[PDB]
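Okay, so here's the structure we're looking at.
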Amino acid sequence: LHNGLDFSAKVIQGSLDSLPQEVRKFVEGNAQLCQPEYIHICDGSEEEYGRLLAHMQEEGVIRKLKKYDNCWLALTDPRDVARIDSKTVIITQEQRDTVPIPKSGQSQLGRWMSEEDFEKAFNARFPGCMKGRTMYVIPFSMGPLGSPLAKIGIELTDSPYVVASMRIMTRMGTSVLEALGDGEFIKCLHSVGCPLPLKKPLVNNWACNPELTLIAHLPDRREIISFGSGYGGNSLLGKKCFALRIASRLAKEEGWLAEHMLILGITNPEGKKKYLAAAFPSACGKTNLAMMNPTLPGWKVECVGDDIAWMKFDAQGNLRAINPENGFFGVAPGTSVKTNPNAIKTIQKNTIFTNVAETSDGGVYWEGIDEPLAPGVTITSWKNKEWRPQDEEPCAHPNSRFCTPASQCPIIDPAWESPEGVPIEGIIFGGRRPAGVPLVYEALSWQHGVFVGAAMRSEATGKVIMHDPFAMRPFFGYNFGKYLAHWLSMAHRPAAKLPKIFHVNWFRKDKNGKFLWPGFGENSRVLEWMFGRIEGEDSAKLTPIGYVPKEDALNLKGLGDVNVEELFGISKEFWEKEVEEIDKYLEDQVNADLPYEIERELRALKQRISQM
Ligand SMILES: Nc1nc2c(ncn2[C@@H]2O[C@H](COP(=O)(O)OP(=O)(O)OP(=O)(O)O)[C@@H](O)[C@H]2O)c(=O)[nH]1
Ligand SMILES: [Mn+2]
Ligand SMILES: [Mn+2]
Ligand code: NA
Numbered sequence: 005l006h007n008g009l010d011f012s013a014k015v016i017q018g019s020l021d022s023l024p025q026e027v028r029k030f031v032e033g034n035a036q037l038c039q040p041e042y043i044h045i046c047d048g049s050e051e052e053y054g055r056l057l058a059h060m061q062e063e064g065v066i067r068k069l070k071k072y073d074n075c076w077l078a079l080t081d082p083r084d085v086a087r088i089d090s091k092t093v094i095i096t097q098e099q100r101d102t103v104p105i106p107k108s109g110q111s112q113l114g115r116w117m118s119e120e121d122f123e124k125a126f127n128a129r130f131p132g133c134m135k136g137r138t139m140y141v142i143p144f145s146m147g148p149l150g151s152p153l154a155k156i157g158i159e160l161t162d163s164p165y166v167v168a169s170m171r172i173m174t175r176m177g178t179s180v181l182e183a184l185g186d187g188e189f190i191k192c193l194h195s196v197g198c199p200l201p202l203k204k205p206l207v208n209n210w211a212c213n214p215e216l217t218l219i220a221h222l223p224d225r226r227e228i229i230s231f232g233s234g235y236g237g238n239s240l241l242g243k244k245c246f247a248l249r250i251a252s253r254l255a256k257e258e259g260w261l262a263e264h265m266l267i268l269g270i271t272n273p274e275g276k277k278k279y280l281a282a283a284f285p286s287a288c289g290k291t292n293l294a295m296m297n298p299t300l301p302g303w304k305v306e307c308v309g310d311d312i313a314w315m316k317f318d319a320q321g322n323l324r325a326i327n328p329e330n331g332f333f334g335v336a337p338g339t340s341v342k343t344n345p346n347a348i349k350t351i352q353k354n355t356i357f358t359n360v361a362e363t364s365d366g367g368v369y370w371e372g373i374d375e376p377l378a379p380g381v382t383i384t385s386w387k388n389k390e391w392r393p394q395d396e397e398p399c400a401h402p403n404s405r406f407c408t409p410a411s412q413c414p415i416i417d418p419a420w421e422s423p424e425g426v427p428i429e430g431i432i433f434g435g436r437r438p439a440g441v442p443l444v445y446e447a448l449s450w451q452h453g454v455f456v457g458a459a460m461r462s463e464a465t472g473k474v475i476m477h478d479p480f481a482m483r484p485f486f487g488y489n490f491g492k493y494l495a496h497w498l499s500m501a502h503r504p505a506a507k508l509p510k511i512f513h514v515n516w517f518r519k520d521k522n523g524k525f526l527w528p529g530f531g532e533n534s535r536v537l538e539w540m541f542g543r544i545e546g547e548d549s550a551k552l553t554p555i556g557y558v559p560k561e562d563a564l565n566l567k568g569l570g571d572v573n574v575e576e577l578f579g580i581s582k583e584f585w586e587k588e589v590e591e592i593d594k595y596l597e598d599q600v601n602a603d604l605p606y607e608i609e610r611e612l613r614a615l616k617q618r619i620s621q622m
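Per PDB author numbering: the sequence shown = residues 5 to 465, 472 to 622.
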């Protein structure tokens, strides 16, 4: 009767008419709601990318890092990398489907919001929120195009930084739209929450709305709706919202697993290769392991992924894993030639850095780079101030990131994009435990291994030790007890070849606070032991917590005087306290949804400890 709800006049790249019907409805419906000035349907081309970077550069949104080949630096409003799992929620009809109902306290395992409450929140945020801005339409694949394990999303965003970063971290553009056709997709809606004219002053040329920041997941509607943050997991909606929260619920429904795991391939000196997955929390070194440079001669490690694993048993019973990401969104501080040489070589081109320091010669700098600068070279911190080594403040934000293409990693695995995925033979859990937990132990069974994941604890970074089951505490898409049952159910599947489960601790300290294990490339010696155990080698000693390496089973040559007594010590007094703490945690936090098999493993461990 007038123009309908036809936004064709506002399209500045692409065509609404060429979009699949349901994608068009999603775009136009949100264009009506958010009132963007323009619509840009991303094609994923190199020209689109380069021009958007130059535009952001011209506006002061990012700076070019002149030392490198096509690298860039964004400095955020410091409010936009504050703690916001308080503002991260999942909407379902029933709270219990999202989190177990705890016995004593508040839940640590997720944060539910009612549908009613969410609709009020949404109505208070999104209407007119993109006024004066371009709505970018990002078609993206999580996983290799045409992998039967891949899933597709469409992200609408008003942030060019999100567009640039999603090109790196996902497969993005016209080829995705063509692969999608009329199939299902996850609807991803994002706004920085700063319509023009700006109602509040812009800090550091970084649009955000901290007071209204809210990151919502609606698994029954296949929707992620995120408002007010331009940063990381809040804005790149593939990264955690899709990769873990939505995907874990899809996995539950469909019979697969979505996990906070690296995936690596390891080849021995006789050419035999195995793939392993490992779940460690933030600050516990997944990215270091995934890209490891092994010290043991004749061994090779190659990287499939450093953060997310989507895993499904195939008809032959093999546990096939893909990396659903297209890049590495890695913590910058602590990355050096020493700790991650392969990362150092990946990130010197075509990489976007956020919240690190800049050197006067146009390079990057951060705590732990271990790379001295020439006299006269000066440093600008992530707060855009002159910075000196003898100051209180760090030069980079402690969780600042690089965002780099996976294809550039010099040890990227030749099957990192194989659509069928890679066959996983081992799953590793671990965190930071300064006391009591040995370097490595092996679980006694699948059920025991699921308990080991469930019981994971890690020192926060007096000190505090917190539970982080499966390294998924921030990320469960649904009730953690039901997740445990889902894991346990894999054992009753036809022909499943259940991988061996291990627990590691890189972080045990002696009584003066010194690390007992050197770690990093030396962890290859632990992987050698795991490799042998998967192969059935008689290299294990039974203990109350699981199997540990026999005396002399680990290759310790070249390590000198490693204190093996302390590094492998298992104390009854420590483990008595441990099991009690785990018992109380699971009772409180999982309560009526704790599977029988987990409670049984808890009872069994308590019993074996009692007989020490
Ligand atoms: N002592 C020791 N520290 C390690 C080792 N591997 C990694 N680290 C430490 O782990 C930290 C880096 O881990 P992150 O990159 O935060 O961990 P991540 O698991 O990749 O975290 P996300 O990217 O947030 O998922 C640094 O403090 C490293 O020094 C190791 O083998 N030994
Ligand atoms: Mn990482
Ligand atoms: Mn992570
Ligand atoms: Na900035």
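Cβ coordinates follow ideal geometry from the N, Cα and C atoms, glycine included.
Beta-bridge partners of residue i, as assigned by DSSP
i           : result
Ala282      : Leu266 and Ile432
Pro402      : Paired residues: none, contrary to the question.
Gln17       : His44
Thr363      : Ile383
residue 466 : For residue 466, no position is available: the coordinates of the chain end at 465 and pick up again at 472.
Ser195      : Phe231
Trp210      : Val207
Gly309      : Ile267
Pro427      : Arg324
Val456      : According to DSSP, which records beta bridges pairwise, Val456 is partnered with nothing at all.
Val368      : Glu362
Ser411      : None; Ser411 has no bridge partner.
Beta-carbon contacts of residue i that lie in its chain and below 8 Å, excluding the five residues immediately before and after
i      : result
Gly372 : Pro337, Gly338, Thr339, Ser340 and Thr343
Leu498 : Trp450, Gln451, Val454, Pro605, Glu607 and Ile608
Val93  : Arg115, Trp116, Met117, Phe122, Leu218, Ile219, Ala220 and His221
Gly556 : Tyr445, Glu446, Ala447, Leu448, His452, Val456 and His513
Cβ neighbours of residue i in the same chain (closer than 7 Å, five flanking residues each side left out)
i      : result
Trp370 : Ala336, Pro337, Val360, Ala361, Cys399, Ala400 and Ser404
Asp365 : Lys71 and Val381
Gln617 : none
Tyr595 : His477
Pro131 : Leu37
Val600 : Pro104, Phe490 and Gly491
Per-residue burial, residue i [other beta carbons within 10 Å of its own, 16 or more giving buried]
i      : result
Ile267 : buried
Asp84  : buried
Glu51  : exposed
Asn7   : exposed
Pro148 : buried
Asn573 : exposed
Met60  : buried
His502 : exposed
Distance, residue j Cα to residue i Cα
i      : j      : result
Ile16  : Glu41  : 10 Å
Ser90  : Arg115 : 8 Å
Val27  : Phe517 : 48 Å
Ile619 : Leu552 : 13 Å
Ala183 : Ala255 : 21 Å
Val196 : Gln36  : 17 Å
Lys510 : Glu538 : 14 Å
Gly457 : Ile45  : 42 Å
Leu443 : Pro559 : 10 Å
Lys290 : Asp310 : 6 Å
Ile142 : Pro214 : 24 Å
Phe246 : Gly237 : 10 Å
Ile432 : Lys244 : 20 Å
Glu120 : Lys191 : 20 Å
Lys276 : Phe541 : 10 Å
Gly234 : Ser19  : 26 Å
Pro479 : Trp527 : 24 Å
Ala347 : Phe333 : 11 Å
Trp260 : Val207 : 43 Å
6 Å CB neighbourhood of residue i in its chain, flanking five on each side removed
i           : result
residue 469 : In the structure shown, the chain runs from 465 directly to 472, leaving residue 469 without coordinates.
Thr174      : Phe144, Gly242 and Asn330
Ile428      : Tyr279, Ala281, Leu323, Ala325 and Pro509
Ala128      : none
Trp314      : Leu153, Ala262, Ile326 and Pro328
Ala287      : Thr465
Those runs of the beta strand (DSSP E) which lie wholly inside the region 479-545 and span at least 3 residues: 510-514
Distance cut 7 Å, beta-carbon to ligand 6 heavy atom: residue list by chain order: In terms of ligand content, the structure shown lacks ligand 6 and carries ligand 1, ligand 2, ligand 3 and ligand 4 instead.
Residue ranges of each beta strand (DSSP E) within the region 148-179, 3 or longer: 155-161
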